[PDB]
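Here the structure is laid out as structure tokens; the discussion comes afterwards.
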4 protein chains.
Amino acid sequence: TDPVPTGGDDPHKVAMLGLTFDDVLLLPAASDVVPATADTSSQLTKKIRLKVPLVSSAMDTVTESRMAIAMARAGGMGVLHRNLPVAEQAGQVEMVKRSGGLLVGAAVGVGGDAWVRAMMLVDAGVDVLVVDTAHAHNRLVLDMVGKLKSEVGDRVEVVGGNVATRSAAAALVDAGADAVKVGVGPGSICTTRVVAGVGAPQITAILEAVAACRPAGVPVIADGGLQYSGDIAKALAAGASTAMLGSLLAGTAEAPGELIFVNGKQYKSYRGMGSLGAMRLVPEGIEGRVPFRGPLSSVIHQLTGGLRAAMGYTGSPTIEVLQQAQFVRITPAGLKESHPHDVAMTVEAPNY
Amino acid sequence: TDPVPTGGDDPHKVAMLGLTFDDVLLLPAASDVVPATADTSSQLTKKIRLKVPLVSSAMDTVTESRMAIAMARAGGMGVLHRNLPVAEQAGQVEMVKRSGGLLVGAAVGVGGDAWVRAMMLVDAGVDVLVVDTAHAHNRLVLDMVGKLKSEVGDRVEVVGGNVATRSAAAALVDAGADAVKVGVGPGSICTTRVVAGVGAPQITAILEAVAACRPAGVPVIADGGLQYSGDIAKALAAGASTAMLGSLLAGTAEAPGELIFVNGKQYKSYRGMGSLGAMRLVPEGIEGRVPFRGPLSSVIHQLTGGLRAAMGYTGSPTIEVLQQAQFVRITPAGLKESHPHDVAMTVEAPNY
Amino acid sequence: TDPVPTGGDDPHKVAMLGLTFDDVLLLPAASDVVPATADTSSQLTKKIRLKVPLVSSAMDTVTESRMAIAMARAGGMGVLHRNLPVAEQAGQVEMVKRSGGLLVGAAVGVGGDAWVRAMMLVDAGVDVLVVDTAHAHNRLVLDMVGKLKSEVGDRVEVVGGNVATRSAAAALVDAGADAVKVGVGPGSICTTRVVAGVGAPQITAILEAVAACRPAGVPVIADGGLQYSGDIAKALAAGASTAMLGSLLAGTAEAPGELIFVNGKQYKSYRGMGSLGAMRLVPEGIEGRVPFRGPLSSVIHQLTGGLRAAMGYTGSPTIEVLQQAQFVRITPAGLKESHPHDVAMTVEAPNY
Amino acid sequence: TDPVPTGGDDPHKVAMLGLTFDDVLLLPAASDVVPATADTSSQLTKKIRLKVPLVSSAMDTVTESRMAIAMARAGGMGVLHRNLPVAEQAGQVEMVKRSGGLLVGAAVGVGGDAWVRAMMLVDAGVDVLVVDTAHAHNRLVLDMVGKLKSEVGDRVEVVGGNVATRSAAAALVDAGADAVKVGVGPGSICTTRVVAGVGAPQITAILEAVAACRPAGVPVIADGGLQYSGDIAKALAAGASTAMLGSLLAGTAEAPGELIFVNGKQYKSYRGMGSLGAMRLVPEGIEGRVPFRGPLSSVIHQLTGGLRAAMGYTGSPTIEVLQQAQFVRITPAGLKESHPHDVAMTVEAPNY
Ligand SMILES: COc1cc([C@H](C)NC(=O)Nc2ccccc2)ccc1-c1cnco1
Ligand SMILES: COc1cc([C@H](C)NC(=O)Nc2ccccc2)ccc1-c1cnco1
Ligand SMILES: COc1cc([C@H](C)NC(=O)Nc2ccccc2)ccc1-c1cnco1
Ligand SMILES: COc1cc([C@H](C)NC(=O)Nc2ccccc2)ccc1-c1cnco1
Ligand SMILES: O=c1[nH]cnc2c1ncn2[C@@H]1O[C@H](COP(=O)(O)O)[C@@H](O)[C@H]1O
Ligand SMILES: O=c1[nH]cnc2c1ncn2[C@@H]1O[C@H](COP(=O)(O)O)[C@@H](O)[C@H]1O
Ligand SMILES: O=c1[nH]cnc2c1ncn2[C@@H]1O[C@H](COP(=O)(O)O)[C@@H](O)[C@H]1O
Ligand SMILES: O=c1[nH]cnc2c1ncn2[C@@H]1O[C@H](COP(=O)(O)O)[C@@H](O)[C@H]1O
């Protein structure tokens with residue numbers, strides 16, 4: 001009998017061909033939708049629907065109270081990071097709540113200390129707890145999700161992540177998650193794929209997680225690796241209901257951390273929460289910087305405008321229809337035709 | 001049952017593998033054709049045949065009256081852009097017509113204002129109306145094409161675009177289009193693929209559109225992404241009847257806009273019509289520059305010479321036979337062998 | 001009958017599709033393992049188990065006595081290079097042995113002189129002889145392995161390499177090898193693939209060699225091409241039992257050769273043993289430099305920490321379970337998402 | 001019925017997947033061959049066997065009399081270029097012949113003038129006429145080959161080229177060619193692939209041509225695109241009997257043209273014969289420069305040493321056995337592992 005053409009005799013050793021955002025384009029389809037008439041609302045969780053299907057990452061260079069307020073006012077939501085004392089994270093929940101009953105989420109880990117944190121976040125009025133771990137396919141993480149759902153699930157929605165497989169998503173669904181957050185390896189500041197050799201290209205990860213979550217009515221949050229507004233449309237078309245953004249929002253005025261003026265231009269610090277600086281285990285993230293991008297409201301407007309254009313091209317009046325769109329797979333040469341090419345760009349563009 | 005190897009359980013979610021120009025080469029075949037004896041004529045529309053199968057883009061940095069005159073004199077045609085008052089666009093049609101009864105086209109949009117524009121262009125003597133939209137697979141665009149064909153179709157040919165699928169091309173055929181223009185995403189200055197995440201690699205887009213248009217006897221115009229004279233031959237071999245060029249013609253003396261002398265070299269402005277500067281929706285194009293390339297006549301001579309060489313290699317005495325040629329698909333390493341490699345180029349080449 | 005789509009009529013002419021480390025990621029799986037509880041021990045040979053599944057290359061810029069001592073103290077092993085007099089190589093074996101009964105290996109070639117070298121290494125107390133050749137699939141190399149096993153195999157373990165195919169691995173198993181070392185072409189300083197045109201991508205090479213060695217109970221050493229700690233996890237998941245490292249260890253304080261201070265930074269010499277400088281046949285290696293990386297102990301800690309993270313993600317409590325993990329194959333775009341992207345890295349990372 | 005996944009309904013429109021040298025590696029196999037004992041002799045034509053399976057390109061920056069003499073003395077052969085008067089090309093044939101009865105070839109075109117040239121080359125003592133054209137799959141080229149074979153074929157061997165398909169190779173075999181030269185598009189200075197859009201990746205081109213020529217006993221010359229000594233082994237393994245080199249030999253002392261000292265280093269002019277400068281049709285080649293590489297004899301020694309290493313790895317005692325070797329196909333990531341990587345090269349290598 002002939003070997004598997006990539007080696008050995010086990011056809012399941014190399015189990016899948018993983019596609020990322022740059023591997024696919026959305027195909028145009030028959031459409032009565034124009035960007036103005038598209039409806040961008042979508043479920044964050046079973047019970048919570050957002051006007052704009054975007055949430056900010058639970059990172060100490062992305063989301064504290066000002067980002068959470070701005071995201072909610074723009075129609076999305078912030079997830080407050082957990083790299084700070086319990087009392088301060090709960091205080092920031094209260095700061096968001098005092099700004100008009102805006103929606104807010106907050107991350108917690110797993111274990112006794114994370115439980116105390118979760119309880120004080122609930123008492124502070126948080127709408128969404130995000131059980132936020134590097135590898136959610138673990139009974140301790142599943143136990144955390146289910147125990148939160150058991151004890152405070154009437155009052156608060158409970159998200160679990162992160163996963164990158166159908167079986168891991170199914171495990172979180174069975175534990176009672178109100179949403180499943182997908183992404184192991186794809187983040188712009190993540191080094192898991194080189195440090196551990198572990199990951200899953202995000203379009204395939206979403207397609208697999210959605211195969212478990214969609215039939216259970218559980219929304220999927222696509223988390224990490226989105227670098228363009230078009231990636232939002234691709235993630236939702238692969239079946240996610242919202243996207244979580246770190247890099248694309250770290251450059252905004254509302255993101256915490258230093259505004260850096262270096263060699264005539266403007267940047268802001270952006271670092272993985274598994275980086276050496278954030279943990280102060282070998283690090284699984286880097287510390288870096290992103291270009292300054294101005295007010296959050298303006299960035300969100302550009303991102304949602306790109307999503308609306310995709311809905312016009314695909315004939316999607318709603319995100320639920322966009323989730324039914326088809327991809328074409330592209331080659332490395334198609335990636336060059338898919339970006340502007342063979343021209344020296346001379347003027348600034350707001351979305352490129 | 002086993003999942004689709006790229007994810008999920010739907011084998012049609014990723015519907016196609018899209019090839020662009022750089023993914024294929026034309027195979028040599030038995031030939032009695034030399035470049036001198038090839039016949040490059042081809043249908044622009046059902047009724048209009050061009051000596052040279054090339055048209056200039058309807059862009060305000062590519063085609064006003066001087067480009068339209070020069071293109072017609074070279075055996076092709078210009079499509080006058082519509083980013084100017086109706087009276088001025090109609091005036092430029094008259095300027096071309098007063099230069100010897102040369103062929104000319106002009107772009108219009110969709111709606112009442114575009115209708116008034118179309119009527120004055122017809123009164124000015126235009127030969128071809130191009131209903132020119134980002135996404136033609138829309139009943140309003142189809143209605144525009146059919147109503148123009150109904151009211152003025154005896155006097156003028158009516159082109160509709162742009163499309164990137166078989167179903168969208170078929171819809172324009174059924175609406176009565178005299179030609180179908182193909183290209184969503186491929187243009188050198190286009191950012192639709194990153195802003196919206198939408199597009200289709202152009203060789204596959206042409207092959208699919210031709211599968212609908214060729215059996216209906218409707219010519220296909222391949223529009224966008226052509227960067228070399230060899231790309232003209234590839235587009236026609238995939239079944240298109242003409243190619244529309246923006247970047248390759250924007251650098252010519254006849255293209256409107258500024259001749260820029262920067263750091264000792266010469267450039268000209270070239271910008272998407274969906275760029276911020278041209279619209280003055282989030283932009284779907286960039287503003288940039290291309291190297292100055294001299295007189296249009298000389299550029300067209302180089303492009304048609306490359307097409308003639310392809311016809312010699314493929315044994316194609318006519319464009320209709322070139323449309324029957326075969327491709328070989330290449331890998332990323334083949335792309336390096338397909339360009340000149342491992343040599344420092346020391347002398348200027350007119351076509352490279 | 002139709003040709004093979006890549007050419008000719010022989011479907012076995014292009015026999016395999018070879019994957020390297022960058023072509024695959026490890027998939028997360030259900031896990032009760034955290035990095036702290038993983039057990040990284042693994043068989044170097046049939047009889048020798050290491051606490052850390054790492055050995056240093058038998059190269060004159062990687063392993064002399066200080067590297068061998070440090071590797072053994074860290075839980076792995078050094079293989080002393082053979083580009084020096086027999087008496088000196090045997091002396092370095094004694095130096096390692098006098099430092100606490102640490103494990104040590106030493107390379108030998110093939111023939112009468114290599115036999116004398118092997119005998120004096122055994123008399124000096126060496127634990128592992130490595131019959132170390134460019135192409136082990138040769139009866140002279142197989143004879144060397146079997147004769148060593150026959151004469152001194154009670155006292156010392158005998159490794160043979162290098163191979164890159166199932167049939168070559170099977171030949172070494174039949175000759176009596178206590179381990180099989182895999183890698184033809186992949187080394188960072190190797191030029192065999194361009195000089196001879198010969199090689200095999202290392203993930204496929206390991207999968208094929210393991211298909212012969214694993215059913216015979218013979219451990220596989222993955223040798224060459226590992227550039228990140230995640231590559232260690234990938235090699236072991238493909239079925240190898242240990243990894244051999246040149247580049248990743250050449251930058252350490254214990255590696256022999258010059259510490260180079262050039263343009264404000266620190267490097268160390270690193271050269272192929274088939275390079276012109278090491279042989280003083282056309283060369284099959286280059287002479288170069290790698291960044292200085294500090295003490296070996298610290299490098300090994302970072303590499304094993306990355307391996308432990310992979311074991312946590314894959315649910316592997318032991319290396320034997322990690323050998324059962326699954327890959328996802330990635331595209332060239334996935335390689336960019338798999339490295340940190342779209343951020344200017346501003347702070348040093350210990351493992352990236 | 002479902003479309004072809006790359007577009008349209010014709011499964012033969014994209015007829016093949018073309019591999020180039022960088023797409024494949026030779027697999028190691030069981031071997032009693034070492035580089036010293038390999039036999040590199042091979043048929044140039046039906047009647048002519050060379051000690052070294054290498055010929056120099058018929059280019060005015062590669063082969064005049066000094067290169068032809070040096071190539072013959074090294075065991076290969078030169079093909080004198082035809083971009084000079086008939087009397088001078090015939091004179092250079094005589095110059096080679098007066099240097100010890102060395103073998104020599106000379107290029108001719110097609111038509112009456114090429115016939116006069118061929119007759120005077122035969123009278124001057126040439127051993128091989130090379131009917132040398134951009135596209136040999138043409139009855140005029142086939143007629144030239146057959147008429148030369150009819151009139152002078154007792155005295156001289158007749159080669160025809162260039163082709164890139166099985167059908168074109170078969171046509172030259174039927175015309176009576178004593179060898180078939182393969183390569184449309186691959187040359188380092190060639191721009192046919194971008195100017196005309198025409199070509200065929202060279203490994204697939206050789207495999208297809210060999211499928212026609214080998215069963216007829218007609219040797220195949222692999223011409224163009226070879227950039228490393230390992231590419232020689234790959235071309236012969238794909239079934240070619242000799243390789244023709246332009247770039248790799250243009251940098252030698254014996255190549256005609258200027259030795260250029262620019263910014264402290266040494267180069268020599270190298271230009272396509274379809275470049276503007278050589279023709280003084282749109283050009284299908286560029287004018288450039290290559291690094292100076294010293295005496296031809298030394299370059300040939302390095303190239304043949306790499307070929308001998310490949311024969312050792314593949315177990316090929318003769319070129320006829322090397323023609324039976326197998327490839328592994330590699331990915332873009334394998335191309336990086338196949339070159340030296342992640343090391344700053346600090347010392348010159350003679351073959352890299
Ligand atoms: C604090 O944040 C993170 C810390 C890490 C640490 C560095 N690694 C780690 O926990 N590895 C691990 C543990 C158990 C099982 C398998 C591996 C890694 C990732 C993140 C992070 C943050 N958003 C996504 O991931
Ligand atoms: C003015 O020209 C263009 C404006 C645009 C604008 C920016 N986008 C847009 O209209 N989006 C859209 C609308 C409806 C449905 C789906 C999406 C985009 C492309 C072009 C253009 C010009 N040649 C080709 O495309
Ligand atoms: C001294 O070390 C090496 C010398 C060489 C020499 C340069 N090549 C060579 O022996 N070729 C060969 C011989 C027989 C059959 C086939 C080809 C090549 C590789 C290495 C080396 C060191 N770790 C791995 O490879
Ligand atoms: C003088 O040398 C060459 C001139 C050319 C010219 C520029 N092109 C040309 O002849 N095209 C052609 C003619 C007939 C049918 C199809 C196309 C192209 C290639 C070469 C050349 C030299 N070694 C290989 O190719
Ligand atoms: O250090 C880390 N290692 C791995 N992933 C991280 C780390 N820090 C944050 N993340 C993830 O990366 C996401 C942001 O990715 P980005 O939008 O591509 O920048 C976050 O929402 C987290 O899921
Ligand atoms: O801003 C824009 N966004 C997208 N496509 C554009 C825009 N402006 C012009 N185009 C298209 O791009 C084509 C030119 O592409 P090029 O020849 O590759 O430069 C035009 O003929 C239009 O179809
Ligand atoms: O000159 C050489 N040519 C080919 N391989 C070599 C040479 N020198 C050392 N090696 C191999 O390369 C390995 C190290 O590869 P690295 O870890 O990728 O730097 C060694 O363990 C040997 O197997
Ligand atoms: O201008 C040209 N256009 C296309 N091919 C050329 C031209 N000049 C020489 N060649 C081919 O290129 C080969 C050399 O390729 P190289 O070894 O890759 O530099 C020659 O032997 C010819 O077959």
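Labeling convention for the structure tokens: chains A, B, ... as they appear, residues from 1 per chain, ligands from 1 in order of appearance.
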Quick one: residues within 8 Å of ligand 8, with only C-alpha atoms and all ligand atoms, as a PDB file with C-alpha atoms, in the first residue's frame?
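The result, stored in result.pdb:
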ATOM      1  CA  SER D  56      27.762  26.574 -23.400  1.00  0.00           C
ATOM      2  CA  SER D  57      24.953  28.727 -24.808  1.00  0.00           C
ATOM      3  CA  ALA D  58      25.063  30.100 -28.346  1.00  0.00           C
ATOM      4  CA  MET D  59      25.184  33.691 -27.110  1.00  0.00           C
ATOM      5  CA  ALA D 134      12.579  30.813 -30.277  1.00  0.00           C
ATOM      6  CA  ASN D 162      13.756  25.141 -28.672  1.00  0.00           C
ATOM      7  CA  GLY D 183      13.442  25.525 -22.996  1.00  0.00           C
ATOM      8  CA  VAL D 184      10.857  28.193 -23.831  1.00  0.00           C
ATOM      9  CA  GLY D 185      10.938  30.991 -21.277  1.00  0.00           C
ATOM     10  CA  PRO D 186      13.284  29.756 -18.501  1.00  0.00           C
ATOM     11  CA  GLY D 187      16.489  31.637 -19.325  1.00  0.00           C
ATOM     12  CA  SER D 188      17.872  34.015 -16.720  1.00  0.00           C
ATOM     13  CA  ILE D 189      17.873  36.901 -19.233  1.00  0.00           C
ATOM     14  CA  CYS D 190      14.620  35.878 -20.963  1.00  0.00           C
ATOM     15  CA  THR D 191      11.513  38.059 -20.858  1.00  0.00           C
ATOM     16  CA  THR D 192       9.279  35.906 -23.085  1.00  0.00           C
ATOM     17  CA  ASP D 223      18.582  24.693 -22.044  1.00  0.00           C
ATOM     18  CA  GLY D 224      18.022  27.642 -19.699  1.00  0.00           C
ATOM     19  CA  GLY D 225      17.104  28.380 -16.088  1.00  0.00           C
ATOM     20  CA  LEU D 226      19.931  26.432 -14.434  1.00  0.00           C
ATOM     21  CA  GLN D 227      21.396  28.575 -11.666  1.00  0.00           C
ATOM     22  CA  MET D 244      23.147  24.094 -21.756  1.00  0.00           C
ATOM     23  CA  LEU D 245      24.360  26.979 -19.588  1.00  0.00           C
ATOM     24  CA  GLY D 246      24.365  30.705 -20.241  1.00  0.00           C
ATOM     25  CA  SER D 247      24.434  32.619 -16.961  1.00  0.00           C
ATOM     26  CA  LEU D 248      26.596  30.104 -15.121  1.00  0.00           C
ATOM     27  CA  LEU D 249      29.328  30.417 -17.781  1.00  0.00           C
ATOM     28  CA  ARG D 271      22.551  39.795 -22.424  1.00  0.00           C
ATOM     29  CA  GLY D 272      19.768  37.918 -24.133  1.00  0.00           C
ATOM     30  CA  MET D 273      20.118  37.434 -27.870  1.00  0.00           C
ATOM     31  CA  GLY D 274      16.559  38.782 -28.111  1.00  0.00           C
ATOM     32  CA  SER D 275      17.547  41.919 -26.219  1.00  0.00           C
ATOM     33  CA  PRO D 283      12.632  42.467 -27.328  1.00  0.00           C
ATOM     34  CA  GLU D 284      12.310  39.172 -25.474  1.00  0.00           C
ATOM     35  CA  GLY D 285      15.507  39.493 -23.424  1.00  0.00           C
ATOM     36  CA  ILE D 286      17.367  41.877 -21.156  1.00  0.00           C
TER      37      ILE D 286
END
Pull out every residue of chain C that has at least one atom within 6 Å of chain D, counting only C-alpha atoms, and report them as a compact mmCIF listing (two decimals) with N, CA, C and O atoms, in the first residue's frame.
# COMPACT_ATOMS: atom_id res chain seq x y z
N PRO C 5 0.02 15.17 -14.20
CA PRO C 5 -0.18 16.62 -14.41
C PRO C 5 1.09 17.44 -14.23
O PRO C 5 1.16 18.55 -14.78
N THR C 6 2.12 16.93 -13.55
CA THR C 6 3.40 17.64 -13.49
C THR C 6 4.39 17.19 -14.55
O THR C 6 5.52 17.68 -14.57
N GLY C 7 4.00 16.28 -15.44
CA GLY C 7 4.86 15.94 -16.56
C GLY C 7 5.26 14.49 -16.68
O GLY C 7 5.53 13.80 -15.68
N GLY C 8 5.34 14.01 -17.93
CA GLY C 8 5.71 12.64 -18.20
C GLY C 8 4.56 11.70 -17.89
O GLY C 8 3.45 12.11 -17.53
N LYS C 13 7.62 9.33 -10.58
CA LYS C 13 8.81 10.14 -10.83
C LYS C 13 8.96 11.23 -9.78
O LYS C 13 10.03 11.42 -9.20
N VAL C 14 7.88 11.97 -9.52
CA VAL C 14 7.78 12.88 -8.39
C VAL C 14 7.05 12.09 -7.32
O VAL C 14 5.83 11.95 -7.36
N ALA C 15 7.81 11.54 -6.37
CA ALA C 15 7.34 10.44 -5.53
C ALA C 15 6.55 10.89 -4.31
O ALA C 15 5.74 10.11 -3.80
N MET C 16 6.80 12.09 -3.80
CA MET C 16 6.23 12.56 -2.55
C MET C 16 6.10 14.07 -2.61
O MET C 16 6.76 14.74 -3.41
N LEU C 17 5.26 14.62 -1.72
CA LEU C 17 5.21 16.05 -1.45
C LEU C 17 5.86 16.24 -0.08
O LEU C 17 5.32 15.77 0.93
N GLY C 18 7.02 16.89 -0.04
CA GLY C 18 7.79 16.97 1.19
C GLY C 18 7.45 18.22 1.98
O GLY C 18 7.54 19.34 1.45
N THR C 20 8.25 20.65 5.35
CA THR C 20 9.25 21.05 6.33
C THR C 20 8.53 21.62 7.56
O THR C 20 7.30 21.65 7.62
N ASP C 22 8.10 24.62 8.77
CA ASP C 22 7.24 25.77 8.52
C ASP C 22 5.95 25.41 7.78
O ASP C 22 5.08 26.27 7.67
N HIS C 137 22.93 5.46 3.42
CA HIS C 137 22.34 4.36 2.66
C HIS C 137 23.38 3.76 1.71
O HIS C 137 23.30 3.87 0.48
N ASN C 138 24.36 3.09 2.31
CA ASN C 138 25.55 2.63 1.62
C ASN C 138 26.08 1.46 2.43
O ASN C 138 26.12 1.54 3.65
N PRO C 186 18.71 19.54 5.36
CA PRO C 186 17.96 20.60 6.05
C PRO C 186 18.79 21.56 6.89
O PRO C 186 18.24 22.57 7.35
N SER C 188 21.00 24.40 8.67
CA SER C 188 21.03 25.84 8.39
C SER C 188 22.26 26.24 7.59
O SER C 188 22.21 27.22 6.83
N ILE C 189 23.37 25.51 7.74
CA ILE C 189 24.62 25.82 7.05
C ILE C 189 24.87 24.87 5.88
O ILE C 189 25.96 24.89 5.30
N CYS C 190 23.89 24.04 5.54
CA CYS C 190 24.04 23.02 4.51
C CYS C 190 23.77 23.61 3.13
O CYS C 190 22.83 24.38 2.95
N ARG C 193 21.49 20.90 -0.86
CA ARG C 193 20.31 21.03 -1.70
C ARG C 193 20.58 21.89 -2.93
O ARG C 193 19.95 21.69 -3.97
N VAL C 194 21.52 22.83 -2.87
CA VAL C 194 21.82 23.61 -4.07
C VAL C 194 23.03 23.06 -4.82
O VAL C 194 23.10 23.14 -6.05
N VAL C 195 24.01 22.51 -4.09
CA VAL C 195 25.21 22.00 -4.75
C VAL C 195 24.92 20.68 -5.47
O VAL C 195 25.33 20.47 -6.62
N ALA C 196 24.23 19.77 -4.79
CA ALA C 196 23.89 18.48 -5.36
C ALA C 196 22.45 18.42 -5.86
O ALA C 196 22.13 17.55 -6.67
N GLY C 197 21.59 19.32 -5.41
CA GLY C 197 20.19 19.22 -5.78
C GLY C 197 19.45 18.14 -5.03
O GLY C 197 18.37 17.72 -5.47
N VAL C 198 19.98 17.70 -3.89
CA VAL C 198 19.52 16.52 -3.17
C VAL C 198 19.01 16.95 -1.80
O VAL C 198 19.61 17.81 -1.15
N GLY C 199 17.91 16.35 -1.38
CA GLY C 199 17.44 16.59 -0.02
C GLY C 199 16.05 16.05 0.18
O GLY C 199 15.42 15.49 -0.73
N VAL C 282 33.74 19.14 -3.73
CA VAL C 282 33.31 20.53 -3.65
C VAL C 282 32.59 20.68 -2.31
O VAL C 282 32.04 19.69 -1.80
N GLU C 287 30.39 28.77 5.75
CA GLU C 287 30.99 29.30 6.96
C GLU C 287 30.29 30.61 7.29
O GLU C 287 30.20 31.50 6.43
N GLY C 288 29.75 30.71 8.49
CA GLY C 288 29.04 31.92 8.84
C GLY C 288 29.10 32.26 10.31
O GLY C 288 30.06 31.91 11.01
N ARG C 289 28.07 32.95 10.79
CA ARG C 289 28.03 33.40 12.17
C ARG C 289 26.58 33.42 12.63
O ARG C 289 25.65 33.56 11.83
N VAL C 290 26.40 33.28 13.94
CA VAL C 290 25.08 33.33 14.57
C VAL C 290 25.15 34.31 15.73
O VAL C 290 26.23 34.53 16.31
Exercise. Please indicate the distance in Å from CA of residue 44 (chain B) to CA of residue 79 (chain B), rounded to one decimal place.
Key: 11.7 Å
Quiz item: Do you have the CA of residue 78 (chain A)-atom 17 (C, counted along the ligand's line) of ligand 2 distance handy?
Solution: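 The value is 28.6 Å.
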Quiz item: From the list A:276, A:69, A:96, A:179, which residue is nearest ligand 1 when using only C-alpha atoms and all ligand atoms?
Solution: A:276
Quiz item: Could you write out, as an MDAnalysis selection string, all the residues of region 180-259 of chain C that DSSP marks as strand (DSSP E)?
Solution: chainID C and resid 180:182 220:223 242:245 259
Practice problem: Please provide as a PyMOL selection string all residues within 8 Å of residue 131 (chain A), with the sequence filter that same-chain residues fewer than 6 positions apart are discarded (counting only C-alpha atoms). | Solution: chain A and resi 107-110+141+144-145+158-161
Self-check item: Nearby residues (only C-alpha atoms) at most 7 Å from residue 103 (chain A), same-chain spacing under 2 positions excluded, as a ChimeraX atom specification
Solution: /A:72,77,101,127
Put those residues in a file: C-alpha atoms, as a CSV table (one decimal), in the first residue's frame.
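The file below, part05.csv, is the result:
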chain,number,residue,atom,x,y,z
A,72,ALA,CA,-20.0,50.6,23.6
A,77,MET,CA,-18.2,46.3,23.4
A,101,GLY,CA,-25.6,51.9,31.2
A,127,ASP,CA,-22.7,42.2,31.5
Quiz item: Quick one: distance from CA of residue 200 (chain A) to CA of residue 182 (chain A) in Å, one decimal?
Solution: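 If I compute the distance from CA of residue 200 (chain A) to CA of residue 182 (chain A), I get 9.8 Å.
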Quiz item: What residues in region 156-291 of chain B get the DSSP label alpha helix (DSSP H)? Please answer as a VMD selection string.
Solution: chain B and resid 166 to 175 192 to 195 202 to 213 229 to 237 247 to 250 276 to 279
